[PDB]
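Heads up, the thing below is written out as structure tokens.
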Amino acid sequence: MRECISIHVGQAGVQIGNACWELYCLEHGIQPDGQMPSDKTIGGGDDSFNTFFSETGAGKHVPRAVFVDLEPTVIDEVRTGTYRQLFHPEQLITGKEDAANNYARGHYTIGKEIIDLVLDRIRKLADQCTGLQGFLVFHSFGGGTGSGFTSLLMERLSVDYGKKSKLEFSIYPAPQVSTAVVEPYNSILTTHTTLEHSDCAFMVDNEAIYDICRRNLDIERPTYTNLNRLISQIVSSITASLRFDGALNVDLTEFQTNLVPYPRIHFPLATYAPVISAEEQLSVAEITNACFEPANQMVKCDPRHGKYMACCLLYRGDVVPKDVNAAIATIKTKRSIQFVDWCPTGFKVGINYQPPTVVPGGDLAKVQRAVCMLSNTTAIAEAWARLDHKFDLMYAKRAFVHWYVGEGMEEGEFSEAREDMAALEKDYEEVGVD
Amino acid sequence: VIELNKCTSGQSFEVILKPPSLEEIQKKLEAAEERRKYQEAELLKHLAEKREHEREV
Amino acid sequence: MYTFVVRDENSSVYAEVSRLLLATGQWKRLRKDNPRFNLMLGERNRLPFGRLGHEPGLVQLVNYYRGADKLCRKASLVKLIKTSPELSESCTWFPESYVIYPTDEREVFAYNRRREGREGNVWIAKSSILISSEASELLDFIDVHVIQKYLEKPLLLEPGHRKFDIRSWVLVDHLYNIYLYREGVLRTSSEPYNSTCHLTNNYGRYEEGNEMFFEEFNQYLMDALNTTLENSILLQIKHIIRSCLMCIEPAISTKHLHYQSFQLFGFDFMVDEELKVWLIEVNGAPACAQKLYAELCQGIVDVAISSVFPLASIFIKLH
Amino acid sequence: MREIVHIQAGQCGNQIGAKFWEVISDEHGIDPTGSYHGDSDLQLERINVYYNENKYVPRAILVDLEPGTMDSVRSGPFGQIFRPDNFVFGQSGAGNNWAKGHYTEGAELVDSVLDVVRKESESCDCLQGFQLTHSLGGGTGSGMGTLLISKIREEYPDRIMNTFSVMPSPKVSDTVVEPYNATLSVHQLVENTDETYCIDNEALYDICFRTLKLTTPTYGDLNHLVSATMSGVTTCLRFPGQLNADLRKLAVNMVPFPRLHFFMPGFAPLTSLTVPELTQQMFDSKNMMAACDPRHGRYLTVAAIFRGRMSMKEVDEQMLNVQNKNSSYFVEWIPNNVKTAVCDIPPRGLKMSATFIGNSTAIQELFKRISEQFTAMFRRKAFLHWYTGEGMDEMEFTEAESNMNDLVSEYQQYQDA
Ligand SMILES: */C1=C\C(=O)C/C(C)=C\C=C\C(=O)O[C@H]([C@H](O)NC(=O)/C=C\C=C\C)C/C(C)=C/[C@@H]2COC[C@H](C1)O2
Ligand SMILES: Nc1nc2c(ncn2[C@@H]2O[C@H](COP(=O)(O)OP(=O)(O)OP(=O)(O)O)[C@@H](O)[C@H]2O)c(=O)[nH]1
Ligand SMILES: Nc1ncnc2c1ncn2[C@@H]1O[C@H](COP(=O)(O)OP(=O)(O)CP(=O)(O)O)[C@@H](O)[C@H]1O
Ligand SMILES: Nc1nc2c(ncn2[C@@H]2O[C@H](COP(=O)(O)OP(=O)(O)O)[C@@H](O)[C@H]2O)c(=O)[nH]1
Ligand SMILES: [Ca+2]
Ligand SMILES: [Ca+2]
Ligand SMILES: [Ca+2]
Ligand SMILES: [Cl-]
Ligand SMILES: [Mg+2]
Ligand SMILES: [Mg+2]
Ligand SMILES: [Mg+2]
């Protein structure tokens, strides 16, 4: 057993973290006070769920997590909410004044002053680990904290935990819910500074989640609470292999091995099904087919018009291999699934037999079987092209640049970040198009 | 179908259809802080010039 | 009010659609890089499909199918036919073809089989032109091409012993309905065929602009060959259109997609002297014969655009 | 990013400021004695932004160079809610003269104002910044107000400075020298505010007269509009929500270039009631308060605030409709430049309302009008003796006119781009 530390940065990171830990408690039979009656080893152990939870003598199961935000109102909701007793104050870090949607403010001006405290709190968690595998880092692209503080943190984690893996869950900006015109800037600045430091990053476009909530959950105007419940299901599907017994994706290194053959192209597409409203049960073939439908993806884009480098199917519930194989056969003859020439055309499959857990009085119906597909396709680069074009339109007139320069950033950091992104778009193109 | 592993909690397998520095960070942050300090000193200088004109009027 | 942008200034078809849309009074043309459009009349190359369908509250439509290039380049059509089971290596209505790079089907280019069998052994090399009965001429010339069997027995129009090709215009809407415009055109040679007179791209003598329309070809087929255009030729044309377009549909359909596509294609056919129709080419960005612009362009507006954006049949539907 | 400190200076500044505090006190359930007597938790959640604490006192400093208007304020409806020490006034008046406000009488009082600003700032947990209400056309709000801003920026250079600035018009005018005082003031604002809401008195007048059919508007009727609009544009600072929730975040979303921070506010409804009606009204020039036609320029950025119980779905729809309809008036090189917020609590007397804040290049028209009225006099040096007798030289006027014409050109540049 090797531990994983989760770090939740800024509003989106923290609020998604609170939804994930709540769901993790429900999947593992951990109560709000941290008690877990099914755990028969009091005060410790090396079960699979101990990757995510430590234990106290009194039998409390404590998330291996840190929450950081540059203003206090989000993390105060963690301190007073349902799962408050899970956490101790050292895990919860707040400043007084936020980054005002400005990467430079998060990274340089305020980042400089709180980074050491954050690293101390993470080290207290690291020191209780026998074999820390690494970090899962949750943040927005668009916020000043989620963008600017995260990139600073990622750099300092490479320095202090050089052999450790780092995975991201990153919220890509969407105008129907975004709070800042400058989000493209923030997204590009943080992607440029973080790219060398992250081994695998799962991007979730708020646009896609919003649309799934509207179309499949019949919510007219999704809130963050609705979005975060859905996001946490996908996150849980991805981390299940670390927290339950299994032979697939059982450590963070294997995420890279199995999904990322080229270090810069480390952004797998997640597709999830089924999403059914809590106000008619789908077969293995149906849910697997649904993984090739753009409407179920976490980022809207067209995989038919790129190439796959890897594909992992993560099932939960009543699924047996024979049904998976028959469904793969079917779908191969109906669909445009082209791998690059230097990778095998194939699927890694994991099945966990416990169905998905739903949050009581959530929007999501209980199902008998669900699947998350992680595919590393070049089609996800469509999302980089969208953002880069937005960046270009504003940067050409230097709109809003003075805000960043005024926090002590140099203007050349913009064009350097941008150039890095143009080389990324070109990398995807070379891998992906004949 | 390769690498079939089974336990009580599930199973996993593979289907193949076809083969083929602290100091540099410190420095960057401090250079930015120095640029913030410079722009602030330029501003206080300009404000001081205004105070002088006020006194002259 | 609907909004549209124009990103291809040299499209005669879309210049006319543009003009028609504005005269309804219910469309506004936006600047070409304004993202708030309902309709993109897109550029021919590197149309940024990945920027479509991300505008909250705008149903967005574009006049090209992404992936349709597969059908509409020489080498990639040949590959599509040879590698798709529903079309196949043995497809009866597409002339024997090989992709030749200056993988390469040089060795597979069957030339010797025919030489040895005393059969007509004339081929045509082209890309995206040389006609010869000698392999090394064609291979030399090419040093991405296709070498395709040249049809030595074309149907010849009388008077003047002369070759033609048939251009059919097909519109595929957002629902993947396939509409064949009921007016086609024969592009004629006006030089007698001698085995200039071989490529159909004395000019003007038999018909205005070396364009014979369907009314006159049908009359000709009746008088000289005792049959019709419908029976002798259009059954085959419709079969081929449908077979080609149904084959790529899973690759290009916009049915469950966050943006929608339509496209106008020009199919080019040859007719041999047994009244067998052969596909030669599919054009992704056709123009139209001068007299047929207004009718076709209106039809694009009714069937591809107003279908998705209602205001306040010239086509045969291939089912 | 909690507390704001409010400053109101001179007659106009204190008359509109008094009304602002009246209206927002009613919205937060605060009575004239400072006691909370409301129904909803939304009212108290962000109360600390504007009020110190079971009594709630406005974080507000009242400034004048004469006593009269402040005596009226103290006797006025909510007069007793202000902190007594927060009234800072001299005796001598400023005679509608910027030089008296800025350089002579104002200079003698400004230190005592700063003493009180500091005592209020010092008991802030985390001061966001300052909001000033004033006129540009008189002497105290204009000359002393811009003096105050410069001194506040020297002591709090990393805090946001926001003004509600009433711009003079010949048609609703006290003196002929208003253009001179406004021109001198505008060069100060350009340098030393982060956000300025430009409120044209002629616009307020024409709304009362043409639209509301008040056949003889008083300052009181103009101020009633203004205070309603100020209530609208501060909703995001004062109640729970996501967007523009503090002064800095608002600036970062609204101000693409530092000097172009002059906004046109709007209110709907203004009719002598559906989401489509609000939405169309809030984008109509007749509902806007700077007397500039937005169809004559381009929006850099817009914030739209809806208040009341309404369908958020239909709000998103209407907001999208307006932009996709008149997309020619939004610069294409700031993507997604219109942001919409919705607060559940409606203003007094209305089931729903909307407030508009536009950063439009058309605002240039307001600066050009002032510029022309300045020149008409300044070319004859008319009325200058009032300023030179306080120590100023003609060169300071030449420089202010130049600075204002430079602002006008900078707007023009982005209008064409
Ligand atoms: C101040 C009001 C006061 O002193 C006089 C009274 C009793 C009412 C004034 C109403 C008023 O100004 O209403 C304005 C519009 O004329 N109202 C409408 O357009 C109403 C419905 C339209 C349907 C199509 C709107 C304003 C400016 C109201 C403000 C809100 O803030 C408080 C302030 C009270 O009135
Ligand atoms: N999915 C989701 N997105 C969120 C959430 N909160 C914020 N966002 C998105 O995150 C972006 C804004 O960044 P935030 O995380 O709020 O900002 P921050 O990290 O707190 O940074 P500052 O407030 O500028 O200090 C936008 O694109 C939002 O729509 C959340 O709970 N869930
Ligand atoms: N296999 C074949 N046998 C006989 N003639 C052929 C032929 N392939 C091409 N041709 C002749 O050559 C002409 C031009 O060929 P092709 O269709 O390849 O060029 P092109 O791309 O310019 C047509 P378009 O303008 O329709 O795109 C055809 O119309 C026909 O006259
Ligand atoms: N809207 C409005 N304008 C006012 C009011 N009182 C004065 N004005 C305007 O303010 C300007 C005069 O400045 P004033 O505030 O009276 O002078 P000060 O006391 O020296 O700051 C002119 O443009 C007047 O039209 C008021 O209550 N409301
Ligand atoms: Ca245990
Ligand atoms: Ca590393
Ligand atoms: Ca004195
Ligand atoms: Cl290490
Ligand atoms: Mg935040
Ligand atoms: Mg062609
Ligand atoms: Mg006065």
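The numbering of chain D matches Swiss-Prot: 1-53, 57-275, 284-428, in order.
Quick reminder: no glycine exception, Cβ is built from N, Cα and C everywhere.
According to Swiss-Prot, the residue from D:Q11, D:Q43, D:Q291, D:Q292 that belongs to the GTP site alongside D:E69, D:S138, D:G142, D:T143, D:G144, D:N204, D:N226 is D:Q11. Residue ranges D:1-4, D:152-155, D:236-239 are listed, and Swiss-Prot annotates D:1-4 among them as motif 'MREI motif'. Scoring each of the recorded positions (D:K58, D:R318, D:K324) by how many neighbouring Cβ atoms lie within 10 Å, the top position goes to D:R318.
Note: the motif 'MREI motif' (D:1-4) comprises 0 helix, 1 strand, 3 coil (DSSP; helix = H, G, I, strand = E, B).
Note on proximity: among D:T285, D:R318, D:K324, the recorded positions of the record, the Cα nearest D:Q11 (GTP binding site) is that of D:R318. It is D:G144 that, of the binding-site residues D:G142, D:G144, has its Cβ surrounded by the most other Cβ atoms within 10 Å.
On a Cα basis, D:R318 (omega-N-methylarginine) lies 15 Å away from D:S40 (phosphoserine). Around D:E69 (GTP binding site), the C-beta neighbours below 8 angstroms that are at least 6 residues distant in the chain are D:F92, D:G93, D:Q94, D:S95, D:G96, D:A97, D:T143. Taking every protein chain shown into account, D:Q11, D:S40, D:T285 are the recorded positions, and of these the Cβ with the most other Cβ atoms within 10 Å belongs to D:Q11. Taking Cα separation as the measure, D:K58 (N6-acetyllysine) is nearest to D:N226 of the binding-site residues D:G144, D:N204, D:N226. Neighbour density for D:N204 (GTP binding site): within 10 A of its CB lie 26 other CB atoms from the protein chains shown. When the alpha carbons of D:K324 (ubiquitin cross-link) and D:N226 (GTP binding site) are compared, the span between them is 33 angstrom.
Close to D:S138 (GTP binding site) in the fold, though at least 6 residues off in sequence, lie D:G10, D:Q11, D:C12, D:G13, D:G144, D:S145, D:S168, D:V169, D:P171, each with a CB less than 8 Å from its CB. Applying an under-8 Å Cβ distance to chain A, the recorded positions D:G142, D:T143, D:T285 reduce to an empty list.
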